[PDB]
């Protein structure tokens, strides 16, 4: 009956979490205005984020079955499914909710490293090369990417929405402007690429608004009611997307930082394939998706009906399709995600009312008219990035 979906690996970020807005946090320091309250402490998933993942899980399960992988109504064979999350509350949580929605009533544990509350090396996008040539070249690549962006409109808008000149940052630390302030990038050995300055603050702020919107806060409680149009979202989102792009998206940085994740995905889909599950779920972070995508050299992609480049509840679904011979196998990779509205509305997902799907393309594995490329070339892409 032709090509059947034989193996999938799903790379996920955590779903909806509470912004961190307690005394002394970046959010609190960045405005004199009070933030609306959330149901859990900062950085913890919300219940709506779990329900959104349950819906994604159920949709995915339907879809997996539709493509021949394991049929609806029965648990998959033991050890058919392997769920591995970074060792943080929100990523373990998003895995539990996804796996429960997709595989209800089945014994599929979520795995994670022993120490909760700390970064697992698999998911920790840290710089591994201590040479000053790597650092100089990384810094120059971040600065170059940043220098292409026109952010002052975004910043002026944000200063007005937050009353930034009256915030604790301004009054106590004399950091009083977003639009005129200087970014400082870092590419420190054994840390994440970073930036300090307005871009980091604009990132934290716009992220908080995005989350309020998705969480379903009334319009008057999103950003104090100040974001009234998609156009405004678009202007503001330039900061959050520009932060991620600057840091995680240069070729120098990404290939280094995402090595343990690339290696994990190579092992699962290529080099230790005999033992691999039919379904792997990894749950990490936006920086992991951003650097992975750069490190495997995907072509440019655009996500319709989303303001985020790496959306809350958005997953990279790598798919190995098999008919009769392993050397005729095909690979197809899609970004499967909920639109900004499907998130805010908690939309019930189904085959008739699906998640959004965009097919992604590796530069090294050109796809046909239907998004498939030969496994032969996929394998070469992975080997080469995993070197």
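Positions refer to the first chain, counted from 1.
A.B. asks: Mean CA B-factor: is it higher for 302-310 or for 72-80?
C.D. replies: It is 72-80.
A.B. asks: As stated in the PDB record, which stretch has the larger average Cα B-factor, 191-199 or 81-89?
C.D. replies: Comparing 191-199 with 81-89, the higher average CA B-factor belongs to 191-199.
A.B. asks: Whose C-alpha has the highest temperature factor in the PDB entry: 207, 159, 114, 153?
C.D. replies: Of 207, 159, 114, 153, 114 has the highest C-alpha B-factor.
A.B. asks: Tell me which of 134, 233, 243, 103 tops the list for C-alpha B factor in the record.
C.D. replies: In this record, 134 carries the highest C-alpha B-factor of the candidates.
A.B. asks: Ordered by C-alpha B-factor within the chain, which third holds residue 294? Give me lowest, middle or highest, please.
C.D. replies: Its C-alpha B-factor, which the entry lists for residue 294, ranks in the middle third among residues of this chain.
A.B. asks: Is residue 125 in the lowest, middle or highest third of its chain when residues are ranked by C-alpha B-factor?
C.D. replies: Answer is highest: the recorded C-alpha B-factor places it there.
A.B. asks: What third of its chain's C-alpha B-factors does residue 33 belong to: lowest, middle or highest?
C.D. replies: Answer is middle: the recorded C-alpha B-factor places it there.
A.B. asks: Among the chain's modelled residues, which third holds the C-alpha B-factor of residue 44?
C.D. replies: Residue 44: CA B-factor falls in the middle third of its chain.
A.B. asks: Splitting the chain's C-alpha B-factors into thirds, which one does residue 248 fall into?
C.D. replies: Answer is highest: the recorded C-alpha B-factor places it there.
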